[PDB]
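Everything below concerns the one structure shown next.
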Amino acid sequence: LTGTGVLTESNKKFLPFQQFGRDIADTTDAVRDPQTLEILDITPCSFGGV
Amino acid sequence: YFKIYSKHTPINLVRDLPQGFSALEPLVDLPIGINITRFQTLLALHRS
Ligand SMILES: *[C@@H]1O[C@H](CO)[C@@H](O)[C@H](O)[C@H]1NC(C)=O
């Protein structure tokens with residue numbers, strides 16, 4: 001699962017059958033690391049209008 | 001694909017089903033690949 005976003009430590013507690021979490025637009029906003037089983041929020045990188 | 005969803009709930013009602021809400025989490029996804037049209041559960045006898 002590829003993407004680009006800021007990774008932060010998450011307060012969500014995934015059930016053991018869950019690997020990722022989806023938002024309204026079905027983009028992965030939370031993911032479980034497959035080596036150390038911890039949850040990370042993925043806030044997107046900042047977007048601006050020049 | 002044989003999907004097992006499971007939930008354990010502490011209840012204290014005597015006879016009928018309790019009234020409440022409890023979502024069943026998926027436990028085991030089981031690779032059988034066979035036709036199933038009829039089933040039967042297994043009980044245990046008590047001998048004395
Ligand atoms: C290797 O991965 C498993 C689960 O994928 C994990 O439980 C284990 O801690 C990992 N080993 C190390 C040394 O991180």
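Letters A, B, ... go to the chains of the structure tokens in the order shown; residues in each chain start at 1; ligands are counted from 1 in the same order.
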
Next on the checklist: Please list as a VMD selection string every residue within 12 Å of residue 22 of chain A, counting only C-alpha atoms and excluding residues in the same chain fewer than 4 positions away.
Outcome noted: chain A and resid 18 26 to 31 41 to 43

Next on the checklist: With 12 Å as the limit and counting only C-alpha atoms, what residues in chain B lie close to chain A? Please list them as a PyMOL selection string.
Outcome noted: chain B and resi 4-6+24-29

Next on the checklist: Any residue with an atom at most 9 Å from ligand 1 counts, using only C-alpha atoms and all ligand atoms. Which are they? Put them as a list in words.
Outcome noted: residues 33, 34, 35, 36 and 37 of chain A

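Comparing the minimum interatomic distances between residue 13 of chain A and each of A:40, A:45, A:25, A:50, counting only C-alpha atoms, we find that A:40 sits nearest.
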
Checklist entry - By how many Å are atom CA of residue 32 of chain A and atom CA of residue 44 of chain A apart? => result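 For atom CA of residue 32 of chain A relative to atom CA of residue 44 of chain A, the distance reads 16.8 Å.
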
Checklist entry - Residues at most 12 Å from residue 34 of chain B, counting only C-alpha atoms, excluding those fewer than 3 positions away in the same chain, as a PyMOL selection string? => result chain B and resi 1-2+30-31+37

Next on the checklist: Would you compute the distance between atom CA of residue 1 of chain A and atom CA of residue 38 of chain A? Give it in Å to one decimal.
Outcome noted: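 Taking atom CA of residue 1 of chain A as the start and atom CA of residue 38 of chain A as the end point, the length is 16.2 Å.
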
Next on the checklist: I need the residues in chain B that are strand (DSSP E or B) according to DSSP; give them as an MDAnalysis selection string.
Outcome noted: chainID B and resid 2:6 25:30

Checklist entry - What does the distance between atom CA of residue 8 of chain B and atom CA of residue 23 of chain B come to in Å, to one decimal place? => result 9.7 Å
